[PDB]
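Since the structure comes first, as structure tokens, the remarks are kept for the end.
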Amino acid sequence: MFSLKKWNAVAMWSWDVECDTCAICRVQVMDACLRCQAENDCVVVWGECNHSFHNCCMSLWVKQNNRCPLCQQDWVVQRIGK
Amino acid sequence: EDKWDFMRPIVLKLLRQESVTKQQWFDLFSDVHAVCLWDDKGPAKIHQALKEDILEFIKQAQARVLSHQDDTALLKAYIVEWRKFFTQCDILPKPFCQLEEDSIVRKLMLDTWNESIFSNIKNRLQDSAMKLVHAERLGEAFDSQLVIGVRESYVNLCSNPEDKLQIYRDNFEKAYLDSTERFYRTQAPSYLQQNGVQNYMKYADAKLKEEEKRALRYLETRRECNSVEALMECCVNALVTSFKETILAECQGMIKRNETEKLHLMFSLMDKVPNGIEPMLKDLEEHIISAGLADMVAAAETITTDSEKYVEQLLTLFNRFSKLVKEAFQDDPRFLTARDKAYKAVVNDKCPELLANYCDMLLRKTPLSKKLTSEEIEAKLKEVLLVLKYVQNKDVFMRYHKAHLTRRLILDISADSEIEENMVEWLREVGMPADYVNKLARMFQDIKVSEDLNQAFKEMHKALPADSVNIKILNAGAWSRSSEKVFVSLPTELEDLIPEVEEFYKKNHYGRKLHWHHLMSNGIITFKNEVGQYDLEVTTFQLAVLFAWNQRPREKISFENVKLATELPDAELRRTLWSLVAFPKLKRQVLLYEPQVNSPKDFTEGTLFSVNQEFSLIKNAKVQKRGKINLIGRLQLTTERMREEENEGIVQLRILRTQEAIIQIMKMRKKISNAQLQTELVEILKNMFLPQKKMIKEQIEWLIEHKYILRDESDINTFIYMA
Amino acid sequence: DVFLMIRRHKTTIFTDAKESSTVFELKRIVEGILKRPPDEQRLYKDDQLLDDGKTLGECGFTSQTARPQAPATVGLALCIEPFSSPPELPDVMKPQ
Amino acid sequence: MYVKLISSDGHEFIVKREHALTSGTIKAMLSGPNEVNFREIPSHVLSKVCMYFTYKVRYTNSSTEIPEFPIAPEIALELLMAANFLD
Amino acid sequence: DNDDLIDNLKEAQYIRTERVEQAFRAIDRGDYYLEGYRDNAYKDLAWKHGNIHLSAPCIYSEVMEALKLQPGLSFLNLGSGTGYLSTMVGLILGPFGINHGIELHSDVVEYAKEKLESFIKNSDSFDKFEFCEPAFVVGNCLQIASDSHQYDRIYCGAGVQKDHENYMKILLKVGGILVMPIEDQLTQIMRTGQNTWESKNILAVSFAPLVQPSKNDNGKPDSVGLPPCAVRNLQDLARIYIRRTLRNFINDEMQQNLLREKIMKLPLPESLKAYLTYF
């Protein structure tokens with residue numbers, strides 16, 4: 001009696017150019033970005049410009065680097081926390 | 001030279017303002033012509049005969065003035081006698097020409113009065129007229145026309161056609177200017193020590209306003225000196241300025257004590273003088289800083305997480321001095337500014353982050369929005385707006401508010417669609433940038449995207465059958481709230497379901513890359529136990545925990561064993577189990593445990609759990625035989641922990657946001673002084689983080705010590721940007 | 001303007017006229033200065049008829065011929081009392 | 001709106017208040033308690049008085065030059081006496 | 001000394017006429033001075049007293065000569081004082097010339113009227129000559145309004161600052177003469193064309209300065225202008241033709257005015273002031 005009756009398949013999406021390759025990781029595109037690990041987690045948050053940003057670095061460094069390190073665009077600030 | 005045997009009948013009757021025919025006065029012009037044409041002395045006697053006939057009238061007028069003994073009869077008799085005489089000073093001296101306006105006969109009329117009899121009459125006119133106002137100022141109902149008539153007389157007694165500052169200026173103007181100032185300076189002691197400052201100011205203001213009304217009566221308003229203004233200057237200096245130091249001394253008392261009735265006159269008078277209103281602005285500012293911190297030094301740091309307790313105590317502090325201003329100063333914009341500037345030193349003792357958590361209680365389906373009606377919810381949001389207008393740390397409000405808006409929309413847990421939309425105008429009334437104002441519109445569009453992506457899969461792919469799968473693909477910020485990217489073991493029905501959803505979007509919707517959170521996905525599992533049937537609607541973490549339970553609900557499993565069965569770390573299993581063993585406001589729990597705990601942290605690797613064999617949906621405290629129970633609770637939200645994890649960010653923002661503004665300002669301000677930087681910071685930080693200089697000074701300097709901003713080799717207070 | 005009198009019998013009314021104006025305009029110029037409308041009244045030029053109005057050819061109202069020292073005469077059959085000379089004798093001191 | 005100036009010969013000279021009120025006494029009279037009677041001034045004198053009034057007002061706003069106003073030798077004596085009732 | 005320059009101006013034949021001397025014979029010195037002295041017209045000293053700004057001797061004498069004053073021209077006097085020059089220049093230009101004076105104070109203009117009446121009443125030379133009665137207005141001579149016109153012969157009776165000299169230079173018509181004691185430098189300013197000017201020195205003088213405008217944010221500045229350009233009164237009109245009538249007759253009969261004026265069929269109370277200087 002371990003069968004399921006319903007599942008809400010909850011996830012987020014983020015902008016990129018294509019879903020076959022990854023410029024910020026070396027892993028499946030659906031996992032955490034490796035740039036925050038191998039190139040030093042990948043907490044990816046949405047902004048007003050409709051390009052996500054890494055919220056474990058902007059929470060400290062947005063004062064100097066108000067960009068989206070995981071995209072190709074500058075960041076327009078909306079959320080700086082959880 | 002005293003021989004107007006034919007013309008006195010007209011001149012003497014006019015001098016007394018008797019009825020005289022218009023023709024007779026007109027004919028007088030041809031009679032004085034006849035006098036200079038048909039006489040022996042005409043050309044020489046006309047102006048001397050005028051003097052002698054005037055002199056006789058003037059002496060008679062003196063008797064008809066000075067013979068009176070009362071102040072009213074003495075003053076009025078002169079006024080009547082003069083008004084008759086002066087009226088004719090523009091009529092009788094029209095004829096009588098070519099005898100040397102500026103005629104000799106007019107000069108003789110005006111000068112004969114002043115030289116012959118005014119040498120003694122003017123001291124009694126001033127003494128009586130001064131006594132009138134001296135008594136009138138005490139409430140004696142004197143005839144105000146007596147000092148008006150003297151005013152009219154003395155401005156008319158001036159005979160110089162080029163410089164009329166004479167009889168009136170000396171025998172009246174100064175006497176009233178000096179005597180009224182002395183009167184009020186010597187009257188003030190009757191109130192200075194006998195009553196309160198409020199009641200003194202009532203006397204000072206009442207006497208000044210009444211004297212102003214009198215000033216426009218007895219002080220020539222068109223005089224070449226504006227005596228009225230000069231009087232008001234000496235009167236307000238006699239009444240208010242001589243008391244200003246004590247009027248201000250009790251401003252700290254009245255303000256600190258919230259004596260809003262006694263500040264009524266305080267505002268009316270002190271708001272008129274920059275050197276009185278400003279001390280009061282600093283007195284309110286300083287008392288708010290001292291009184292505010294006396295309460296906030298505890299409230300801010302001992303309440304921490306209770307948003308209703310903090311904000312109501314912050315509103316208690318806010319209302320204590322906002323009520324003071326709203327009453328004492330009629331909601332004044334300068335005392336609100338002094339209030340707002342004061343709180344910038346207070347409310348950061350570390351920040352009013354709970355204003356946004358309190359808003360979320362007002363904006364989310366919480367008891368605060370269930371026990372209040374729509375007007376009360378909007379009223380409380382307006383009260384927060386009045387608070388937020390002064391708060392120095394505003395990005396912590398947006399930090400929480402925007403995180404809360406995101407989670408409210410994606411979970412469909414908002415108090416109302418209209419309440420969410422009202423925050424768009426609410427933030428525009430605050431004055432926040434569009435980047436934050438329109439977050440609701442951005443989330444609304446993102447909800448549509450999720451629904452369109454959901455149907456895109458459900459209508460094409462049909463792992464768990466698609467009829468039991470509901471996909472929700474939100475913006476990156478919807479779920480990316482933690483670094484703990486934990487993924488949990490699941491039965492085949494779910495384990496082989498996500499890869500298909502992922503591959504669908506990889507090829508059917510290029511670019512939109514998914515990222516999954518097993519803390520957020522949820523589902524339904526059917527159970528039977530020893531009392532009835534039930535369906536658990538729980539998160540995917542909980543589904544994996546239930547999977548361990550599904551085939552063995554009566555077998556005791558250790559915390560360590562669940563960790564191994566589900567592949568969860570301590571943090572997620574402690575939170576996951578809590579929602580099953582200690583769910584809030586639940587009559588019967590799903591999972592049982594033997595140890596006593598206080599919180600999720602107290603679950604140890606040796607802790608044993610089991611499934612509650614009496615669990616089911618409970619209605620009115622009655623056990624049901626079938627039903628669906630949702631135990632997701634706060635797992636899809638942010639628990640109290642949110643403050644513990646965000647507190648570090650709140651501290652970081654206390655420096656970050658200022659230095660963000662500085663770096664941005666310095667990019668566009670290549671070389672500026674600290675005073676220019678702080679000036680720019682006020683404008684940039686107004687919607688983020690604008691403390692008092694007691695924090696800024698260090699924050700601008702720290703960018704020098706840590707080698708972020710360059711400074712002038714010859715001026716440590718001028719910052720230089722490079723590149 | 002040009003000195004112009006409106007005269008009849010023993011009444012002399014001191015008015016003016018504009019050099020560039022027609023007799024019809026002058027009826028309104030005189031009306032303006034005198035407040036007497038042209039109630040079936042025609043303006044003259046030193047007794048010149050000037051038609052019944054609205055004419056220019058005869059309206060020789062040049063200020064050089066109608067200066068303040070020398071008024072133009074307007075007959076309000078005309079009858080105007082002239083100004084007589086002083087009926088004075090040499091009287092020794094003023095030979096004539 | 002004119003002031004009527006009565007000559008001793010019974011002749012009536014009608015001069016506008018603007019035209020008459022160009023000197024002192026004429027302003028001094030009447031301006032208080034038009035008609036002005038010159039019982040001593042014949043019409044052959046008062047005519048030049050009235051024409052001088054019209055002359056004065058018409059040139060009260062002149063530019064540079066002011067024309068001469070010729071007077072007959074037999075009336076100047078009485079014009080001066082009239083002047084002492086008007087100037 | 002400055003005598004050589006004054007002689008050079010005379011030797012240059014700039015005056016030529018005797019009209020200037022006639023004004024000095026016709027107008028009695030001192031009858032324009034203050035009653036407390038009635039003497040300084042005959043002495044060289046400080047002539048400024050109270051509001052009286054005249055200087056009958058060398059100072060005004062050179063002004064009368066500095067202006068050629070062809071008869072019939074229009075005279076403008078800014079700083080007219082009591083009318084000393086305005087009357088005597090009016091005599092030089094003809095009894096029926098144009099003489100429009102302005103002075104700073106109404107006390108001295110009021111006195112100027114007293115002096116003109118006193119001269120006609122009690123002077124010694126009145127009954128011999130024709131005279132021009134000048135007009136006055138009161139106002140600040142340095143505040144010239146856009147309603148000003150042009151004049152032929154112009155004099156300033158009080159000290160002028162060089163930086164403001166244009167307030168009257170602009171008022172001179174081509175071919176005229178403007179004389180001003182500019183910072184106590186008395187100069188002869190001539191306009192020879194539309195934009196061509198020439199000037200000569202006259203005399204080193206001593207004047208009381210005009211009161212420099214200091215008003216702001218109101219309608220005093222440049223709102224005084226020149227005296228009303230208007231026809232004079234009737235007493236002066238008739239009085240001049242009375243003197244012409246008698247003078248023109250005796251010019252032929254000589255081929256005493258005091259006695260002749262006694263037989264005019266006019267009462268003595270009038271003739272005594274009007275003609276006879278009270279004998």
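Just so we're on the same page: first chain in the structure tokens is A, next is B, and so on; residues restart at 1 for each chain, and ligands are numbered from 1 in the order they show up.
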Excluding residue 135 in chain B and residues on its chain fewer than 6 positions from it, collect all residues at most 12 Å away from it, counting only C-alpha atoms, and give them as a ChimeraX atom specification. /B:71,128-129,141-144,180,183
Please produce a file of those selected residues containing N, CA, C and O atoms, as a PDB file, in the first residue's frame.
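The new file again.pdb reads:
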```
ATOM      1  N   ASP B  71     -11.562 112.776  29.813  1.00  0.00           N
ATOM      2  CA  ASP B  71     -10.743 112.307  28.701  1.00  0.00           C
ATOM      3  C   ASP B  71     -11.547 112.220  27.408  1.00  0.00           C
ATOM      4  O   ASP B  71     -11.035 112.549  26.329  1.00  0.00           O
ATOM      5  N   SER B 128      -4.465 111.823  27.690  1.00  0.00           N
ATOM      6  CA  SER B 128      -5.783 111.196  27.687  1.00  0.00           C
ATOM      7  C   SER B 128      -5.853 110.045  26.693  1.00  0.00           C
ATOM      8  O   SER B 128      -6.434 108.995  26.993  1.00  0.00           O
ATOM      9  N   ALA B 129      -5.256 110.219  25.513  1.00  0.00           N
ATOM     10  CA  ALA B 129      -5.282 109.158  24.512  1.00  0.00           C
ATOM     11  C   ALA B 129      -4.448 107.968  24.958  1.00  0.00           C
ATOM     12  O   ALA B 129      -4.818 106.813  24.718  1.00  0.00           O
ATOM     13  N   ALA B 141     -14.184  99.464  28.192  1.00  0.00           N
ATOM     14  CA  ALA B 141     -14.828  99.676  26.897  1.00  0.00           C
ATOM     15  C   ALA B 141     -14.838 101.171  26.595  1.00  0.00           C
ATOM     16  O   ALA B 141     -15.848 101.867  26.733  1.00  0.00           O
ATOM     17  N   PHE B 142     -13.680 101.671  26.176  1.00  0.00           N
ATOM     18  CA  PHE B 142     -13.564 103.064  25.780  1.00  0.00           C
ATOM     19  C   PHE B 142     -14.006 103.240  24.330  1.00  0.00           C
ATOM     20  O   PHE B 142     -14.030 102.294  23.537  1.00  0.00           O
ATOM     21  N   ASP B 143     -14.356 104.476  23.987  1.00  0.00           N
ATOM     22  CA  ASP B 143     -14.722 104.810  22.614  1.00  0.00           C
ATOM     23  C   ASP B 143     -13.462 104.849  21.757  1.00  0.00           C
ATOM     24  O   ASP B 143     -12.652 105.773  21.873  1.00  0.00           O
ATOM     25  N   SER B 144     -13.298 103.847  20.890  1.00  0.00           N
ATOM     26  CA  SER B 144     -12.075 103.733  20.106  1.00  0.00           C
ATOM     27  C   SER B 144     -11.915 104.873  19.112  1.00  0.00           C
ATOM     28  O   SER B 144     -10.811 105.087  18.599  1.00  0.00           O
ATOM     29  N   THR B 180       3.530 101.298  24.778  1.00  0.00           N
ATOM     30  CA  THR B 180       2.915  99.982  24.649  1.00  0.00           C
ATOM     31  C   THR B 180       3.924  98.881  24.950  1.00  0.00           C
ATOM     32  O   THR B 180       3.599  97.887  25.613  1.00  0.00           O
ATOM     33  N   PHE B 183       4.288  99.091  28.609  1.00  0.00           N
ATOM     34  CA  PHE B 183       3.063  98.546  29.181  1.00  0.00           C
ATOM     35  C   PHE B 183       3.091  97.025  29.168  1.00  0.00           C
ATOM     36  O   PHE B 183       2.844  96.379  30.193  1.00  0.00           O
TER      37      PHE B 183
END
```
Please identify every residue of chain E that has at least one atom no more than 12 Å from any atom of chain C, counting only C-alpha atoms, and report them as a PDB file with N, CA and C atoms, in the first residue's frame.
```pdb
ATOM      1  N   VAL E 231       1.290 125.036 -22.048  1.00  0.00           N
ATOM      2  CA  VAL E 231       1.208 126.475 -22.269  1.00  0.00           C
ATOM      3  C   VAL E 231       1.133 127.173 -20.919  1.00  0.00           C
ATOM      4  N   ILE E 242       1.135 143.515 -22.159  1.00  0.00           N
ATOM      5  CA  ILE E 242       1.044 144.843 -21.567  1.00  0.00           C
ATOM      6  C   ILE E 242       2.380 145.579 -21.683  1.00  0.00           C
ATOM      7  N   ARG E 243       3.482 144.907 -21.345  1.00  0.00           N
ATOM      8  CA  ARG E 243       4.779 145.572 -21.426  1.00  0.00           C
ATOM      9  C   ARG E 243       5.159 145.863 -22.879  1.00  0.00           C
ATOM     10  N   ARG E 244       4.833 144.944 -23.797  1.00  0.00           N
ATOM     11  CA  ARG E 244       5.084 145.177 -25.220  1.00  0.00           C
ATOM     12  C   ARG E 244       4.293 146.366 -25.725  1.00  0.00           C
ATOM     13  N   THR E 245       3.021 146.434 -25.338  1.00  0.00           N
ATOM     14  CA  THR E 245       2.177 147.539 -25.772  1.00  0.00           C
ATOM     15  C   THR E 245       2.801 148.872 -25.387  1.00  0.00           C
ATOM     16  N   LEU E 246       3.137 149.019 -24.110  1.00  0.00           N
ATOM     17  CA  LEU E 246       3.739 150.278 -23.691  1.00  0.00           C
ATOM     18  C   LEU E 246       5.131 150.460 -24.293  1.00  0.00           C
ATOM     19  N   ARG E 247       5.976 149.427 -24.242  1.00  0.00           N
ATOM     20  CA  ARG E 247       7.330 149.585 -24.760  1.00  0.00           C
ATOM     21  C   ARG E 247       7.338 149.895 -26.252  1.00  0.00           C
ATOM     22  N   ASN E 248       6.431 149.287 -27.018  1.00  0.00           N
ATOM     23  CA  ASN E 248       6.377 149.561 -28.449  1.00  0.00           C
ATOM     24  C   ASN E 248       5.922 150.987 -28.714  1.00  0.00           C
ATOM     25  N   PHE E 249       5.089 151.530 -27.831  1.00  0.00           N
ATOM     26  CA  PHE E 249       4.651 152.903 -28.048  1.00  0.00           C
ATOM     27  C   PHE E 249       5.775 153.878 -27.755  1.00  0.00           C
ATOM     28  N   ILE E 250       6.444 153.718 -26.616  1.00  0.00           N
ATOM     29  CA  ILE E 250       7.465 154.689 -26.243  1.00  0.00           C
ATOM     30  C   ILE E 250       8.636 154.627 -27.211  1.00  0.00           C
ATOM     31  N   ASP E 252       8.405 154.794 -30.228  1.00  0.00           N
ATOM     32  CA  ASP E 252       8.163 155.824 -31.234  1.00  0.00           C
ATOM     33  C   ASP E 252       8.006 157.193 -30.590  1.00  0.00           C
ATOM     34  N   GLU E 253       7.440 157.241 -29.390  1.00  0.00           N
ATOM     35  CA  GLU E 253       7.218 158.517 -28.721  1.00  0.00           C
ATOM     36  C   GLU E 253       8.529 159.148 -28.272  1.00  0.00           C
ATOM     37  N   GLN E 256       8.397 157.944 -18.686  1.00  0.00           N
ATOM     38  CA  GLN E 256       8.699 156.966 -17.651  1.00  0.00           C
ATOM     39  C   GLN E 256       7.578 155.941 -17.559  1.00  0.00           C
ATOM     40  N   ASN E 257       7.951 154.664 -17.610  1.00  0.00           N
ATOM     41  CA  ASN E 257       6.955 153.600 -17.579  1.00  0.00           C
ATOM     42  C   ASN E 257       6.176 153.593 -16.275  1.00  0.00           C
ATOM     43  N   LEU E 258       6.823 153.950 -15.168  1.00  0.00           N
ATOM     44  CA  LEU E 258       6.135 153.925 -13.886  1.00  0.00           C
ATOM     45  C   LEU E 258       4.962 154.892 -13.883  1.00  0.00           C
ATOM     46  N   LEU E 259       5.145 156.068 -14.478  1.00  0.00           N
ATOM     47  CA  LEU E 259       4.083 157.065 -14.495  1.00  0.00           C
ATOM     48  C   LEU E 259       3.050 156.750 -15.565  1.00  0.00           C
ATOM     49  N   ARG E 260       3.491 156.257 -16.719  1.00  0.00           N
ATOM     50  CA  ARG E 260       2.555 155.906 -17.779  1.00  0.00           C
ATOM     51  C   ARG E 260       1.597 154.813 -17.332  1.00  0.00           C
ATOM     52  N   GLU E 261       2.098 153.821 -16.597  1.00  0.00           N
ATOM     53  CA  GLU E 261       1.224 152.746 -16.142  1.00  0.00           C
ATOM     54  C   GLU E 261       0.220 153.225 -15.106  1.00  0.00           C
ATOM     55  N   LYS E 262       0.379 154.445 -14.591  1.00  0.00           N
ATOM     56  CA  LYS E 262      -0.600 154.942 -13.637  1.00  0.00           C
ATOM     57  C   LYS E 262      -1.908 155.362 -14.305  1.00  0.00           C
ATOM     58  N   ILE E 263      -1.897 155.665 -15.598  1.00  0.00           N
ATOM     59  CA  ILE E 263      -3.108 156.068 -16.317  1.00  0.00           C
ATOM     60  C   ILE E 263      -3.463 154.927 -17.264  1.00  0.00           C
ATOM     61  N   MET E 264      -4.029 153.836 -16.726  1.00  0.00           N
ATOM     62  CA  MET E 264      -4.563 152.809 -17.615  1.00  0.00           C
ATOM     63  C   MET E 264      -6.031 152.463 -17.383  1.00  0.00           C
ATOM     64  N   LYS E 265      -6.777 153.275 -16.642  1.00  0.00           N
ATOM     65  CA  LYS E 265      -8.150 152.942 -16.252  1.00  0.00           C
ATOM     66  C   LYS E 265      -8.217 151.669 -15.412  1.00  0.00           C
TER      67      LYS E 265
END
```
In range 55-257 of chain B, what's alpha helix (DSSP H) per DSSP? Answer as a PyMOL selection string? chain B and resi 55-66+71-88+104-116+118-136+145-156+167-168+175-187+189-192+197-218+227-236+242-256
Which residues, written as a list in words, have at least one atom at most 7 Å from range 25-32 of chain C, with only C-alpha atoms counted and residues fewer than 6 positions away on the same chain left out?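 Listed by chain and then number, they are residues 15, 16, 17, 18, 38 and 43 of chain C.
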Provide as a PyMOL selection string the residues of chain E at most 10 Å from chain B, counting only C-alpha atoms. chain E and resi 105-107+110-111+113-118+121+266-273
Would you mind listing, as number ranges by chain, all residues of chain A that have at least one atom within 10 Å of chain B, where only C-alpha atoms are what counts? A: 1-21, 29-32, 41-56, 59-66, 76-82
Leaving out residue 40 in chain A and any residue of its chain fewer than 4 positions from it, which residues lie within 12 Å of it when counting only C-alpha atoms, given as a count of residues only? 8
Mind running chain E against chain D at 7 Å and telling me each contacting residue's nearest atom pair with the distance in Å (one decimal), counting only C-alpha atoms, chain and number ascending, as a tab-separated table?
```
residue	atom	partner	partner_atom	distance
E:74	CA	D:65	CA	6.0
E:96	CA	D:68	CA	6.4
E:98	CA	D:66	CA	6.5
E:149	CA	D:63	CA	5.9
E:150	CA	D:64	CA	6.1
E:151	CA	D:64	CA	6.0
E:228	CA	D:60	CA	6.9
E:229	CA	D:62	CA	5.2
E:230	CA	D:60	CA	3.9
E:231	CA	D:56	CA	4.9
E:233	CA	D:87	CA	6.0
E:234	CA	D:83	CA	5.1
E:235	CA	D:80	CA	4.8
E:238	CA	D:76	CA	4.7
E:239	CA	D:80	CA	6.3
E:241	CA	D:76	CA	6.3
E:242	CA	D:76	CA	5.8
E:245	CA	D:73	CA	5.8
```
Running DSSP on the backbone, which parts of range 76-220 of chain E land in strand (DSSP E), as a ChimeraX atom specification? /E:76-78,98-103,135-138,151-156,172-182,185-191,197-204
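The gap separating CA of residue 154 in chain E from CA of residue 174 in chain E is 12.2 Å, in Å to one decimal.
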Could you give me, as an NGL selection string, the residues within 8 Å of residue 10 in chain D, counting only C-alpha atoms and dropping anything in the same chain fewer than 3 positions from it? (:C and (10)) or (:D and (6-7 or 43))
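Proximity to chain B was assessed for D:27, D:11, D:44, D:17 counting only C-alpha atoms; the smallest distance is recorded for D:27.
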Of the candidates B:178, B:210, B:224, B:283, which shows the shortest atom-to-atom distance to residue 238 in chain B, using only C-alpha atoms? B:178
Taking into account only C-alpha atoms, which residue in the set D:15, D:29, D:41, D:3 is nearest to chain C?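 Selected residue with least distance to chain C: D:15.
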